[PDB]
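Chains as they are written, first to last, in the working numbering: chain A, 12 to 44; chain B, 190 to 288; chain C, 237 to 456; chain D, 248 to 461; chain E, 73 to 287; chain F, 53 to 248.
Where a beta carbon is used, it is the ideal one built from N, C-alpha and C, also for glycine.
Beneath this line is the structure, given in structure tokens, with notes to follow.
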Amino acid sequence: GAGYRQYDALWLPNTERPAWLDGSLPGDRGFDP
Amino acid sequence: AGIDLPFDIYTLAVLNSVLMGXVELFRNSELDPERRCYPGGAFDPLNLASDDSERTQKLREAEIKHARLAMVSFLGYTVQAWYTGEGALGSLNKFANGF
Amino acid sequence: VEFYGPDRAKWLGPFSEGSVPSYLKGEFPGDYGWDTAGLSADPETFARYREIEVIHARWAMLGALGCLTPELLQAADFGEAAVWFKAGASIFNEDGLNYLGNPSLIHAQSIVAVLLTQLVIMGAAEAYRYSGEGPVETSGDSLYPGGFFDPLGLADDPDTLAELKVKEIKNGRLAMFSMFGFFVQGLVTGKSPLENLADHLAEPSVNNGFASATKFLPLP
Amino acid sequence: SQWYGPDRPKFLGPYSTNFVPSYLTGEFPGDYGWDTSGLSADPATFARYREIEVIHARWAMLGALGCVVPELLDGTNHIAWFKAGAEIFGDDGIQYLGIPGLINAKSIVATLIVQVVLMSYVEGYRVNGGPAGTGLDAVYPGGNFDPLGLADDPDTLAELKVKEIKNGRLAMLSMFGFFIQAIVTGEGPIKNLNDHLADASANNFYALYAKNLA
Amino acid sequence: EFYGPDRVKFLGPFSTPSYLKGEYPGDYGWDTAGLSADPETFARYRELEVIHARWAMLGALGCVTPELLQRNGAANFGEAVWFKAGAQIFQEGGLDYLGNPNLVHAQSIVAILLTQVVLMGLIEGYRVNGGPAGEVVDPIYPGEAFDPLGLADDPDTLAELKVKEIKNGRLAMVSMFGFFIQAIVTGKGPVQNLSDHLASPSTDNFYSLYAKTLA
Amino acid sequence: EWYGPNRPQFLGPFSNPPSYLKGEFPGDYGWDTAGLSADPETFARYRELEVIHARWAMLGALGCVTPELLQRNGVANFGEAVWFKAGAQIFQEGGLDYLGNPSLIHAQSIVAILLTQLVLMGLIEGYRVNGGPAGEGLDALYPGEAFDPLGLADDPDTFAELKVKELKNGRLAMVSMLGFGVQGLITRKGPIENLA
Ligand code: CLA
Ligand SMILES: CC1=C[C@H](O)CC(C)(C)[C@H]1/C=C/C(C)=C/C=C/C(C)=C/C=C/C=C(C)/C=C/C=C(C)/C=C/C1=C(C)C[C@H](O)CC1(C)C
Ligand SMILES: CC1=C[C@H](O)CC(C)(C)[C@H]1/C=C/C(C)=C/C=C/C(C)=C/C=C/C=C(C)/C=C/C=C(C)/C=C/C1=C(C)C[C@H](O)CC1(C)C
Ligand SMILES: CC/C=C\C/C=C\C/C=C/CCCCCCCC(=O)O
Numbered sequence: 012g013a014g015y016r017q018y019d020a021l022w023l024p025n026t027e028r029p030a031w032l033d034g035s036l037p038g039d040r041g042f043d044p
Numbered sequence: 190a191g192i193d194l195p196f197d198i199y200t201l202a203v204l205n206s207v208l209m210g211x212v213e214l215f216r217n218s219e220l221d222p223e224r225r226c227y228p229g230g231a232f233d234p235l236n237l238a239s240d241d242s243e244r245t246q247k248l249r250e251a252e253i254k255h256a257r258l259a260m261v262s263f264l265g266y267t268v269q270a271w272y273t274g275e276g277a278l279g280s281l282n283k284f285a286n287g288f
Numbered sequence: 237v238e239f240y241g242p243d244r245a246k247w248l249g250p251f252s253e254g255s256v257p258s259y260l261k262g263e264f265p266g267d268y269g270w271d272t273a274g275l276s277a278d279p280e281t282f283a284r285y286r287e288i289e290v291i292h293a294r295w296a297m298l299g300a301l302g303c304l305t306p307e308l309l310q311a312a313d314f315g316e317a318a319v320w321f322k323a324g325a326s327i328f329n330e331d332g333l334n335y336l337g338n339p340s341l342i343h344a345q346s347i348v349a350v351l352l353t354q355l356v357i358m359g360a361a362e363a364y365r366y367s368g369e370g371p372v373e374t375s376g377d378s379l380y381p382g383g384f385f386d387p388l389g390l391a392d393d394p395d396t397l398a399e400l401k402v403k404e405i406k407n408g409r410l411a412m413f414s415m416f417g418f419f420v421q422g423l424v425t426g427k428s429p430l431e432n433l434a435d436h437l438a439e440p441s442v443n444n445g446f447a448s449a450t451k452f453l454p455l456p
Numbered sequence: 248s249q250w251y252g253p254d255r256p257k258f259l260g261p262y263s264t265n266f267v268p269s270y271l272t273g274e275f276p277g278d279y280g281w282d283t284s285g286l287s288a289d290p291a292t293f294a295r296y297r298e299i300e301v302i303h304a305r306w307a308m309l310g311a312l313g314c315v316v317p318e319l320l321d322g323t324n325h326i327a328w329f330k331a332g333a334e335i336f337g338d339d340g341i342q343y344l345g346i347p348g349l350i351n352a353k354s355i356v357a358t359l360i361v362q363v364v365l366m367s368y369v370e371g372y373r374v375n376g377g378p379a380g381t382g383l384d385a386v387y388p389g390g391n392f393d394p395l396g397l398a399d400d401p402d403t404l405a406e407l408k409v410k411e412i413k414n415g416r417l418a419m420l421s422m423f424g425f426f427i428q429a430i431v432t433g434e435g436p437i438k439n440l441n442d443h444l445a446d447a448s449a450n451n452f453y454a455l456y457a458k459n460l461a
Numbered sequence: 073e074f075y076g077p078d079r080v081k082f083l084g085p086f087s088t089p090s091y092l093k094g095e096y097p098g099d100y101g102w103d104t105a106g107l108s109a110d111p112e113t114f115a116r117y118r119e120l121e122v123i124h125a126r127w128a129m130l131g132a133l134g135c136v137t138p139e140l141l142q143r144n145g146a147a148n149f150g151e152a153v154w155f156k157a158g159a160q161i162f163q164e165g166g167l168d169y170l171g172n173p174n175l176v177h178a179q180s181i182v183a184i185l186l187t188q189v190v191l192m193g194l195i196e197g198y199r200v201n202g203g204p205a206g207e208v209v210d211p212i213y214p215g216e217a218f219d220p221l222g223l224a225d226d227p228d229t230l231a232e233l234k235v236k237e238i239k240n241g242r243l244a245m246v247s248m249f250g251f252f253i254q255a256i257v258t259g260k261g262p263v264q265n266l267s268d269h270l271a272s273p274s275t276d277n278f279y280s281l282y283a284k285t286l287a
Numbered sequence: 053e054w055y056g057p058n059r060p061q062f063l064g065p066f067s068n069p070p071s072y073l074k075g076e077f078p079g080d081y082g083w084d085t086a087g088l089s090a091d092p093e094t095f096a097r098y099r100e101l102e103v104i105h106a107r108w109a110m111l112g113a114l115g116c117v118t119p120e121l122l123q124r125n126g127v128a129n130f131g132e133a134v135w136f137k138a139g140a141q142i143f144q145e146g147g148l149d150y151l152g153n154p155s156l157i158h159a160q161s162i163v164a165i166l167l168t169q170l171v172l173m174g175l176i177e178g179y180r181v182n183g184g185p186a187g188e189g190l191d192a193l194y195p196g197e198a199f200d201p202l203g204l205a206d207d208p209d210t211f212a213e214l215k216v217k218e219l220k221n222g223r224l225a226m227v228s229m230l231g232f233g234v235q236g237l238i239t240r241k242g243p244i245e246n247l248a
């Protein structure tokens, strides 16, 4: 518990996942501009 | 690998077209959308990710990340060949011998 | 930063909490929690190792000071005796040990006499140290006598004494590391440490430790 | 199963039925009952020695493979394991597999600093725990370090442990052999094997080097 | 030290405004002109000081590094000296990063300026308002996405690191000013001046060759 | 005299033995400045190692000194009298002759010597460790019986005296063997040559 930060991770530090991408698929990063 | 093949280029072209057509027609025969991506069976002889668990999800994540990385890498291959006129190792050599 | 208790500085920074042995409770000076081989899991062996470490640290500080000072004073002239490892055979030369250059101070010429005198005096000293009691009125602590060897009375406050203990185990350990470096450099490059420092300062890019790397290569 | 308990194989065969220390019960892998120095009487020192032995075994297997492999390749000029370090000072630097433009490492301080930082971080993570796993076993963590799940069954885990520790011990012995054989002969282990195979009676230790070793 | 009422002042034992209460990092109690007598103006000045410190640290590193690389025979830049490095865009082939023709190969100054203006404006608007990299809470110490390694986790370590940042930034600002006035006076590179001074400290200095020519 | 608290220590009049060193075992002079024997099991293993090393050291010292002295006494011409040069005799065209007589051994093959020594030494070591034909339920350190044909060490007092003499003679032999090694390494000559 040292030497790093504890910190779902999306393609931007502050962004929201789209409605049609619910995160169930493997590579789902919520990336669909 | 420096070994001359016993086939003619016309025969090779026809064979490539026929074999690829047969393989892709076999592939298209599936109807389940999930098994259209991960057929399993004869294509998973070692039974690594053929169940429903956390171990298969990690393997699928790794596969998709490798797929994306290789796609970008081959786009880079093509663009480098267009611009500099070199291959992959050739581009590495040209970059190294330019400092 | 405190050097005692469970919240003291340790040997691995943030990663130390996962490798701190149970018996290393930080009740002694220089306790950083570094024991990965379990060599001090026995309380008696821990005390013996502490004694050996402190004595070695003191001797290493003395050795580092006595290897550094004579080269700077050369205010004097020695020639081939300036180097710390090259001064051993200076007695065998038919000039005597010209202390500070004056050939009238000790004028040592013989080996057996000085050797035997050193053996007897240091045998008496080390036997008294092992006994811990004798002609001198010490405080009874073998590691920290204090009674006679502290004429300035710097060890009077227990907390100040503990801080001094931490500081001098640390100075001693730095001296041990530097003395090991002195030995290895002497074997490898065969030059005085000051000469090595000057050569490094001349061009540090090429005059580093990896320049003399292929010299140990075993040829067929 | 046969590697644990009071009936495990001993390091002296039938001649060590009664020469077994009391504390070497046999619940740990690779327990052949070789402690004829009394160096593991204390359980804490025993556990620390076990961890050191496993780590050394893994490092030695990696080192043996990485000393053997570059000598067998034409691209690397069949270089010996003890001569590959100085290639960074060559006019071409270090080029992986002999292919130009692969790495082209010419600076030694840069590689040293990178190795120091990376090894520091990974060793600290191993000792204390980190992003790759927390609260796991000291020597056999698993989890992110067992992607294929080869040791889900505890019996399979024990058998693999015995196999690993034995391969590691063999690799440690082979690495010590590499060191001594490089010191004495002055040539690579693969060249020594080839010379021995060419003429076993003539090309050996006693016939060439032992006569002038003292 | 460095906090509370007993911290080290800017004159040591010879040393205070009432509004400098030893709460904010890097407060040595040196405000003689009374320019920070207003709390709002004090906050604005603190923010400008921190931003200037970070920018000056980056500038000092970027002014030292290329000339150091060039003078050691590690690269062949178009113009190693920092004040002459902006004219590389007017050379024959343009600007090449580290001297490699296949790295940047910038040729047009108009495109450089337009792209820089757009990107800098977008990111500075994000900094003052909040955008893709996070939402503004602390105007100068965001953290979260800008502290991935998590070094500013413990508040005590956070305060210590803030003090260290502000002091290294002040030193960087002083060195930036020195670099500027040396360029406007000597006309040569900074590390060049350092090497010249190290060659002959007694004879090579500002007074020996430039004090009399100033006036 | 040699046992109990009345025993002399390793520092003459000064005597600060450790707590665990009670002097019951032979050759206890209270020298544990490293504290290595704080555990009884490690102490016992170290005692066994010390006695075996001592015996082997005396045997090796005698085997190192006797042939070279015999050669220098004008008795027989050895192939190489120097103790650390006996291995080069097997590579001579004349082979290995015991005392120079070609009809005694005339060994030629190093491999055969290696194999024979390996099997014999392994068998006798296993017998010593576990218990073979020469007694089974005997002491590991001092089995006696077949190993004391003269029966000198029968009563407790003579047994203890002879054990102490054994241990101190073995310690002296180990010191002498180390001196042999260092002298040979530095002088590149025989030991008796250095003595004379
Ligand atoms: C245990 C630790 C260990 C250590 C410390 C070393 C240390 C070293 N190795 Mg060895 N090695 C080891 C284990 C080890 N090895 C093992 C297990 C193997 C078997 C795989 C090898 C096989 C090996 C080779 C084949 C080579 C070395 C070489 C080297 C040297 C530096 C190269 C370098 O680090 O690459 C930098 C780090 C890497 C991880 C590089 C990997 C990425 C490369 C570019 C990928 C190549 C694959 C790619 C698909 C292209 C190939 C296709 C080709 C036909 C075009 C250095 C002496 C090199 C040398 O020249 O030595 C004389 C060398 O050529 N090693
Ligand atoms: C058991 C017991 C018991 C009793 O009681 C006591 C006694 C007897 C003491 C004991 C014993 C012990 C032993 C024997 C041990 C051993 C060890 C070893 C040998 C190790 C090694 C070990 C070893 C090891 C690790 C090794 C390693 C290695 C490595 C990494 C390498 C690397 C490399 C490579 C790749 C290549 C390149 O080019 C170079 C380098 C970089 C160099
Ligand atoms: C006591 C104590 C205490 C504390 O606590 C700690 C301390 C201090 C650490 C300790 C100490 C210790 C010590 C000192 C030890 C030592 C040892 C030795 C030296 C040994 C040897 C040892 C030695 C030995 C065995 C030897 C052996 C030998 C031999 C066999 C030989 C053989 C041979 C011969 C015949 C001849 C030929 O030609 C050759 C050969 C083949 C070679
Ligand atoms: C389904 C099959 C469809 C199309 C296949 C058609 C053609 C195959 C290609 C033939 C290439 C012939 C090239 C003849 C000249 C080669 C070069 C030379 O030898 O000079």
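Per the coordinates, the alpha-carbon of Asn443(C) lies some 17 Å from the alpha-carbon of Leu423(C).
Here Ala128(E) has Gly241, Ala244, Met245 and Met248 as same chain residues with Cβ atoms under 7 Å from its own Cβ, once five neighbours each way along the sequence are excluded.
Distance from the C-beta of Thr450(C) to the nearest heavy atom of ligand 1 is not below 7 Å. Taking a beta-carbon distance threshold of 8 Å, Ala447(D) does not count as an interface residue toward chain F. Cβ-Cβ distances below 8 Å link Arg297(D) to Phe275 and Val386 in the same chain, with the five nearest sequence neighbours on each side left out; the list follows chain order.
The alpha carbon of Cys303(C) has as its nearest neighbour, out of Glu404(C), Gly417(C) and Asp392(C), the alpha carbon of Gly417(C). In this structure, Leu271(D) has its beta carbon at no less than 7 Å from each heavy atom of ligand 2. One Cα belongs to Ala457(D), the other to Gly147(F), and the distance between them is close to 16 Å. Per DSSP, reduced to three states, the secondary structure at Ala461(D) is coil, with no helix or strand assignment. Rounded to the nearest angstrom, the Cβ distance from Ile412(D) to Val301(D) is 7 Å, consistent with a contact under 8 Å. Of all residues in the segment 273-300 of chain D, the ones placed with a Cβ closer than 8 Å to any Cβ belonging to chain F are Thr283, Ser284, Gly285, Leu286, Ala288 and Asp289, in chain order.
In this structure, DSSP gives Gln169(F) a helical state, which the three-state scheme calls helix. Neighbours of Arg107(F) in chain D, taken as residues at a C-beta separation under 9 Å, are lacking, since the least C-beta distance is about 16 Å. At a cut-off of 8 Å between beta carbons, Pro378(D) contacts chain A. Counting only residues of its own chain and dropping the five nearest sequence neighbours on each side, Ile212(E) has a CB closer than 6 Å to the CB of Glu119 and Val122. Relative to the non-hydrogen atoms of ligand 3, the Cβ of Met173(F) never comes closer than 7 Å to any of them.
Look at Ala307(D) here: in three-state DSSP terms it is helix.
Those residues that have a beta carbon less than 6 Å away from any non-hydrogen atom of ligand 4 are, in order along the chain, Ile198(B), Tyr199(B), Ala202(B), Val203(B) and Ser206(B). The alpha-carbon separation between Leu63(F) and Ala363(C) amounts to approximately 7 Å. Within chain D, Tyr368, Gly371, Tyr372, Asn375 and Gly377 have C-beta atoms less than 8 Å from the C-beta of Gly14(A), given in sequence order. At a threshold of 7 Å, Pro456(C) does not count as near ligand 1, since its beta carbon sits no closer than that to any of the ligand's heavy atoms. Scanning the segment 284-365 of chain C for uninterrupted beta strand (DSSP E) segments of 3 residues or longer gives nothing; none is fully contained. Pairing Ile405(C) with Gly266(C) gives a Cβ-Cβ distance under 8 Å.
The beta carbon of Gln235(F) is closer than 7 Å to those of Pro243 and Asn246 in its chain, skipping five residues each way along the sequence. 8 Å or more divides the Cβ of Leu410(C) from the Cβ of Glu287(C). Relative to the Cα of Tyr372(D), the nearest Cα in the group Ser252(C), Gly262(C) and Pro242(C) belongs to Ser252(C).
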